[PDB]
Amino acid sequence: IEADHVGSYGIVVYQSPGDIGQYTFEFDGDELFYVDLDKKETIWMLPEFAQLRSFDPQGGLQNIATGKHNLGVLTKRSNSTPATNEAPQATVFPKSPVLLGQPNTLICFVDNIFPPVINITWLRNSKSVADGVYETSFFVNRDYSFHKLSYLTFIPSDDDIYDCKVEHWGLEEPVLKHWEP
């Protein structure tokens, strides 16, 4: 389907077992916010946006609550057809042109995720990092799989290795995706 703009106002994802859930608002492919189900809070990707518009988490909670409900009426109706693991695909690219010493961000794109459960991490010189790293929620795809991005700020170095470790059930070994300046 085509149009100038698209808005998914309330994408629900309920995963059992684990009672794992996600609730987001998407507009033209980007992420507006997600409802942090634990804090019962609306998390906006863009700050200046929550200062002009808002959303009540309870709505998130109420619909997640329905996800739990339905994911059962179905898990049964489908005679329990368990879901099928897939293999995620990582791609690493910069945000801007890598100038030496000049600050920048490393972006790891991971498409074809299913189910939406996954560990993404960074590695500087085969050693890991856990800092200055941030990731998006699970964005939906036209084929009902998801994708997500992870970010690693850093400073361009003529002697630095990087990797995007991607762990997921449909992956026997944690896949790595190298990158160099």
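Start at 1 with the first residue shown and count on from there.
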Legend entry - Greater mean Cα temperature factor according to the PDB record, 122 to 130 or 24 to 32: 122 to 130
Inset, instruction - Relative to the other modelled residues of the same chain, rank the CA B-factor of residue 141 and answer lowest, middle or highest third. - result: lowest
Inset, instruction - Using the B-factor values recorded in the entry, state whether the Cα atom of residue 57 falls in the lowest, middle or highest third among the modelled residues of its chain. - result: lowest
Legend entry - Position of residue 50 among the chain's modelled residues by C-alpha B-factor, lowest, middle or highest third: middle
Legend entry - Modelled-residue ranking by C-alpha temperature factor, third containing residue 153: highest
